[PDB]
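Enquirer: Please see the structure below; I have some questions.
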Amino acid sequence: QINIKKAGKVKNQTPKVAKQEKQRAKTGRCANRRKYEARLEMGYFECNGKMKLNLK
Amino acid sequence: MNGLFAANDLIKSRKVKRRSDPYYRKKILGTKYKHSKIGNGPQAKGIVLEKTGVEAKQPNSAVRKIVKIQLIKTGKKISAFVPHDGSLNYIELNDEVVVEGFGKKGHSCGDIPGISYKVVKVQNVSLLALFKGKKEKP
RNA sequence: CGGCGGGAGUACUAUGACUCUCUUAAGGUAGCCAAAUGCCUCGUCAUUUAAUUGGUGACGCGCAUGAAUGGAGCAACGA
RNA sequence: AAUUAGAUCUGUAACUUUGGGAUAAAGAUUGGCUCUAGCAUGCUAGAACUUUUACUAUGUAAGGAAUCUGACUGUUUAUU
RNA sequence: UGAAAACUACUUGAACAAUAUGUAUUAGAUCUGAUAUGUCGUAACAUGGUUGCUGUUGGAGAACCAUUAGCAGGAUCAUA
RNA sequence: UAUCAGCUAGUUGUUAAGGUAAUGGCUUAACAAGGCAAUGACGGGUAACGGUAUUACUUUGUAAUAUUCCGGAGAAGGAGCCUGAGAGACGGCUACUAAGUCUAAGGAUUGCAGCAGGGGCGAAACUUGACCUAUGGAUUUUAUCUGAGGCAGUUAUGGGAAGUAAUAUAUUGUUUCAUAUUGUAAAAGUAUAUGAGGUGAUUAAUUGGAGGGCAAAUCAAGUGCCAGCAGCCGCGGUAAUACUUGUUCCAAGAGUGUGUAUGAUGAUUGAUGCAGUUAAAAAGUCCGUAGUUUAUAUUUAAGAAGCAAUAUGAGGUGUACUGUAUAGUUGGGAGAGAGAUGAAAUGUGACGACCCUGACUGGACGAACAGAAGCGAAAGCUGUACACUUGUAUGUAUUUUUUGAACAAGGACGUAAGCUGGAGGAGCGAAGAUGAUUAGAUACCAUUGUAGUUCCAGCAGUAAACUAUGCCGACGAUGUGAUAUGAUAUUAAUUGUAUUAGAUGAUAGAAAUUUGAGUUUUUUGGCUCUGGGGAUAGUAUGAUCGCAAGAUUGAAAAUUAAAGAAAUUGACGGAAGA
RNA sequence: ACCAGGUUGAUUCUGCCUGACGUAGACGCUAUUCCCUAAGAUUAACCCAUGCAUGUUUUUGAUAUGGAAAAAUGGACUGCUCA
Ligand SMILES: [Mg+2]
Ligand SMILES: [Mg+2]
Ligand SMILES: [Mg+2]
Ligand SMILES: [Mg+2]
Ligand SMILES: [Mg+2]
Ligand SMILES: [Mg+2]
Ligand SMILES: [Mg+2]
Ligand SMILES: [Mg+2]
Ligand SMILES: [Mg+2]
Ligand SMILES: [Mg+2]
Ligand SMILES: [Mg+2]
Ligand SMILES: [Mg+2]
Ligand SMILES: [Mg+2]
Ligand SMILES: [Mg+2]
Ligand SMILES: [Mg+2]
Ligand SMILES: [Mg+2]
Ligand SMILES: [Mg+2]
Ligand SMILES: [Mg+2]
Ligand SMILES: [Mg+2]
Ligand SMILES: [Mg+2]
Ligand SMILES: [Mg+2]
Ligand SMILES: [Mg+2]
Ligand SMILES: [Mg+2]
Ligand SMILES: [Mg+2]
Ligand SMILES: [Mg+2]
Ligand SMILES: [Mg+2]
Ligand SMILES: [Mg+2]
Ligand SMILES: [Mg+2]
Ligand SMILES: [Mg+2]
Ligand SMILES: [Mg+2]
Ligand SMILES: [Mg+2]
Ligand SMILES: [Mg+2]
Ligand SMILES: [Mg+2]
Ligand SMILES: [Mg+2]
Ligand SMILES: [Mg+2]
Ligand SMILES: [Mg+2]
Ligand SMILES: [Mg+2]
Ligand SMILES: [Mg+2]
C-alpha cells in the first residue's frame, strides 16, 4: 500500500520560458582585467570587503 | 618499563595496547575481504527486479524511491536509491544499472534507512545528464 | 486405595498476553510422544532408496501420556 | 552355507559412572639348512644359501553405525 | 650374463586406489537472541506513595517480589 | 597471531667407508644419548618476490616503492635424461595426468607469463603498422641476421612554454589555410623565410556553487510535510534568499566535479607525549621464580639476628566455671478473657489460659560502660581464671657485612549464602497454605509453617570484598586534640620519636573539594596491572577447573549522533520548619 | 610549525562524528596548439585462429663460376611474468 504514481510531479508542471542570448564573455587575463578595474572603482579594497557585490 | 636496556619489554607491551584501536583491529582481521557487500571496487553492475518506495524516519515525512537489484560479480541481492526527481520514469524492468556509494565509510547517511548505494548509469546513459535533458533514452 | 472440567468477547486478515462466566475436593504443574501408549491414520515436514504403509530427526486441542500404581536418562553388560 | 581366526611387531577414535570402551578398528612378518652374538644354558635377537613360498592335517572371533527395553553376576513353566 | 634381441638385480621415482588427519567456504525441516518501526499494567526519578543499590538462593503473564550479609552514590556529618 | 607451551628420532655427536670438481648426516654400517625453547621453540595466516634509484610528511625519524637498475624463481601440472666449458634447458628429447586437433581409419601431431591480434573475466587498459638510421649481441661485425632496439599511429596518465586581444566605431595585427628550404633509411613533425583573405556577439570557454562551516541574492514566478534537497547542523503547512525553472553574482580555468581504498587532521596509541576517587579505567589480601632495576669518598649507612622495661595491646587456639532473658515440664492460689494493629479479622481460652508463686531440662547470645578509642596482610576481633602462641613502636658504645624494591610461572588465606557426610534444633524463617485491603493482588499487614542459620570433618572462590584512591624513596605553614614511651624537671611544667582525628590559610583542579588528588606544556627516581564513543554483551564458541550450581579467559554480523561528569536559574513534591 | 560546526533554559569539561588537505585506480560533463612522459600488474600463472621473432662462415668446392651437402661456431645470453 505504497504509492509510486506521483513520481515527477513538480518539474513537469512548471512552465518553461526560453533562454536569452548573451554577449560572448571574455576569457583569460582580460577576464581578470575586467574584474579588477570593476572592484577598484567602488573602493572594495579600502573597506576590507564589507559591501554587497551582487546587487539586484 | 622505563629503562635503558628495556627495549625488549617496551615493544612487546606496546603491541598489545595497539590492538584496542577500532580502526586497526579491522586491518588485522581483514574484514574488507571477508564481509564486503559489493566487492573491492568503485562501481558495480546489476539487473533490476523491483521498483518500490520506502518511508523516511521522523521528524521528516516523504517517500524515497528505491530499486532492488542483483549484482553480477558476487551474485547477491541489494537495494539502491534513485537519486533525482522524475528519474524513475526512464527505468524499466529487465535492465542493467551501475551503482555508486554514498561516501560515509560504509554507513547510511541522510534519513534514508538501511540503504548505502545509489544508481548512476542506466543503459550506458548518464543519469545526471539525462535529468538535464542533453540525451534521450533508447 | 485413589482423582487431577467447560463456555464467551478483546489488539489487512489471523491469533489472544488481557477480561467475563457455570461449578468443586482439586481442576494434570516439571517433563515426554503418532513411542510396546494416536480410532480418524498409510497424520504434516525433512532425510535415508531408481521406487518405501518400513527406519531416524522435528510438530502437538494427547480417542485414552504423566511423577516411588514412580517421571526423565544409557556408561558397562545381553543365545 | 560361506568369509575372519594361532603367535610376534607398529597403531588405537567418539563417549564416559574416570574404573572403562580395547584383544577396538587398521597394517606388516611366519618354511628348510649352515652359522654368528648374549647369559639365565635352554630361551631370545640378527646374518648368508635355497624352493611350483611356509599357523592352517586337527583345532581356531565376520566387522561397523543407530533405536526400544532390562542396571549387572544369578533363577524359572521335568515333555511345544 | 649374452653375438645381438633381450632377461635379472639395486637407485631416483611420475601417476592410481583405500583409509587417518589440518585449513578455509557452504545447503538444511525446526528454530535462540537482537536492532529499526497498537493492547495490559505502573517497577524507577519527591520519604515516587513498601527508601534505593550490589552478591547469593528460591517463586512468577509482565515489569519484578521475598529470606540473609553488606554500602551511602540517603531522608542523620549533631545532645548523660 | 597464546582461542598455537613444550618440541625433535637421521633428529645431535664419535669412528670408518662410498660419492662429488670440491668442505659437510650429503648417503650407509657400528656405538652413544644427545639438540632447541617466555631474549617466544613448535604450529596457523598473508588479498608476502627481496633490496634500490625516486616521492611525500617531519624537530632525533615514519609511510608508499608492479613502475629505473641489481639479484632470485617458472614456462599447462610433476618427474627423468642426452649433447656440452656452462642446461635438471622447454621457439631440445622420454613417460603419466587434465584439455584437444588431422585421417582414405592402418596411423600422425600442439604448448603466445616472445611481438602484433582474437575469446573469457571484469568498474578497469592501444596498430593482425614500417626499418637496420643511432646503441648493442652473434670468436676480426666496414654489406649477413636481429618484433632485442629505434621511428611513426590510437588514448583528457600526468608535468611544462603558451592563446581566445591591445591602443584610443575606427586603427593595427595572433590561431583555423597554403608554399619553399633545412630534415628524414624513405615519409612526418619542429625550426627560418614567404604567400594570400578579414574577423573577438568569433573558427576561437567550460565545470561547480549562492542559510552556517565557506567567498557569493531575505531577486522574481510556480508547489504546499507533496514532489524533492541535504558529508554534519537542518529547510518544505498558499509572502520558501534552504525544492522546480528563469535573471544576476562567486571560486577555479583547458579543465572541473562524483566515488572506493590509504595517509594527515590526532597529545583519540602518547618513548619524547594522554588518563586511572566521582566522566571508560588499581586484581579481595599477602608470599615468591624468569625478565626489569640499584646508596656509597671501596669502606661504611640501611637490612637480617639479638637484649631491657616480663612496658602496652576486644591479635589467635584449647580445657574449666558463670550471667539474665525467651520457650517447655510440674506443686499452690484464683475463675474470664487474654494477644496484635491505622483500625480490624481468621487463629486462641471452663479437659481452667492470662497473671502471682515453689522447683527443673535444654538451645542461642555476652546488655548498660562502648568513643570519629585499640589490634590485625585483608575478611575480622568484647563474661571470668589458667595453659600454649604472636605483633608494631620507644631506649641503648650488641653480632654480621650489602644479603634491597616490585613481580609473568607457581602457593596460601578469603563475611554471606550453596553443596555432600555424621551430631543438634530454643527463638527467627525463603518455598507452601489461610484472614483482611483492592477493578485486580499469588505484594506491603497479620496468623501458621519446611529447608536453613548452631558443632565437627571437607569442597566451593563470588560482593558497593569502597578510603570507589596499587607498592617503595627526598623535601614541606600555624592552632586545638588522641595512643605508646624517653629526657629535662619536680608537684609545677615544657620537650624528643612513631602513628592518628579535626579547623584556618597556601597550592592544584572542569568543579565539588584538597598535606596530597602538591612540587607539570619552565612536562623524567625505580617496578607490576587496566581503559580508548554508546549499545549488541560480560552474550555466543573453544580451552582449563568443579559432585553440582557455576567460576576465570572472552568476540563478531546487523545498528546509532549521541551517552556521560560537576555546577547556576526556574518549576514541582501524596517534603520539613517559622 | 594555523583549526572550525554539532549534547543544554543558559555555563564549564571528558569524549566521538563531520568539514578543510595529500597518493594510487575507475567514472560524469567540456576541450585550440607545441615539446616531454606513460598504457591488460590488481580478478584468470585462464583457453588460443593467423602472420612473424636464430642463423652465420672459401673450411673443403655440388658432372653445376659460385652453391649443394659435410665440417666449424652460437643457440644456456637477450626479452616476458610474479604462482
Ligand atoms: Mg568526501
Ligand atoms: Mg502441560
Ligand atoms: Mg521414552
Ligand atoms: Mg516415507
Ligand atoms: Mg627367514
Ligand atoms: Mg537381566
Ligand atoms: Mg518346556
Ligand atoms: Mg512506582
Ligand atoms: Mg518505591
Ligand atoms: Mg542524591
Ligand atoms: Mg644408520
Ligand atoms: Mg619492494
Ligand atoms: Mg597459460
Ligand atoms: Mg631459457
Ligand atoms: Mg629455467
Ligand atoms: Mg623442464
Ligand atoms: Mg612459446
Ligand atoms: Mg602478447
Ligand atoms: Mg585507463
Ligand atoms: Mg551555470
Ligand atoms: Mg559571507
Ligand atoms: Mg553533499
Ligand atoms: Mg546550500
Ligand atoms: Mg584521551
Ligand atoms: Mg556512576
Ligand atoms: Mg566510573
Ligand atoms: Mg559485658
Ligand atoms: Mg603505635
Ligand atoms: Mg614482564
Ligand atoms: Mg598469579
Ligand atoms: Mg580454601
Ligand atoms: Mg568481581
Ligand atoms: Mg575495585
Ligand atoms: Mg585495593
Ligand atoms: Mg594476470
Ligand atoms: Mg649440415
Ligand atoms: Mg599477485
Ligand atoms: Mg602471491
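If you're matching them up, the sequences are chains SEE and SX0 in order. Under the authors' numbering, the final residue of the first sequence carries the number 59; numbering is consecutive throughout. Under the authors' numbering, the final residue of the second sequence carries the number 138; numbering is consecutive throughout. Positions of the beta carbon are idealized from the N, C-alpha and C atoms, including for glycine.
Can you tell me where the beta strand (DSSP E) holding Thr52 (chain SX0) begins and where it ends?
Expert: Counting along the chain, the beta strand (DSSP E) containing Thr52 (chain SX0) begins and ends at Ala44 to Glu55.
Enquirer: Can you give me the C-alpha to C-alpha distance between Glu44 (chain SEE) and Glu24 (chain SEE), rounded to a whole angstrom?
Expert: Whole-angstrom Cα-Cα distance: 28 Å.
Enquirer: Which residue comes first and which comes last in the beta strand (DSSP E) that contains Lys121 (chain SX0)?
Expert: It spans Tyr117 to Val122 - the beta strand (DSSP E) in which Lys121 (chain SX0) sits, taken as one unbroken run.
Enquirer: Rounded to a whole number of angstroms, what is the C-alpha to C-alpha distance between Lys73 (chain SX0) and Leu56 (chain SEE)?
Expert: Rounded to whole angstroms, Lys73 (chain SX0) to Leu56 (chain SEE) spans 53 Å at the Cα level.
Enquirer: Shorter than 9 Å from the beta carbon of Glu55 (chain SX0) to some beta carbon of chain SEE?
Expert: It does; some Cβ of chain SEE falls within 9 Å.
Enquirer: On the three-state DSSP scale, how would you describe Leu128 (chain SX0)?
Expert: Of the three classes helix, strand and coil, the one that applies to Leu128 (chain SX0) here is helix, per DSSP.
Enquirer: Beta-carbon within less than 7 Å of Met1 (chain SX0)'s beta-carbon, same chain only, minus the 5 sequence neighbours each way: which residues are those?
Expert: The residues are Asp9, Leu10 and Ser13.
Enquirer: Put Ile11 (chain SX0) into one of helix, strand or coil per three-state DSSP.
Expert: Here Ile11 (chain SX0) sits in helix by DSSP.
Enquirer: Between which two residues does the alpha helix (DSSP H) holding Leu88 (chain SX0) run?
Expert: Neither: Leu88 (chain SX0) is in no alpha helix (DSSP H) and is coded neither H nor E.
Enquirer: Quick check on the DSSP output: the beta strand (DSSP E) that includes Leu71 (chain SX0) runs from which residue to which?
Expert: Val63 to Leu71 is the extent of the beta strand (DSSP E) around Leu71 (chain SX0).
Enquirer: At a Cβ threshold of 9 Å, is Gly106 (chain SX0) touching chain SEE?
Expert: Judged by the 9 Å Cβ criterion, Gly106 (chain SX0) is not in contact with chain SEE.
Enquirer: Can you pull the chain SEE neighbours of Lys65 (chain SX0), defined as C-beta to C-beta under 9 Å?
Expert: Those are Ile7 and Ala10, listed as they occur along chain SEE.
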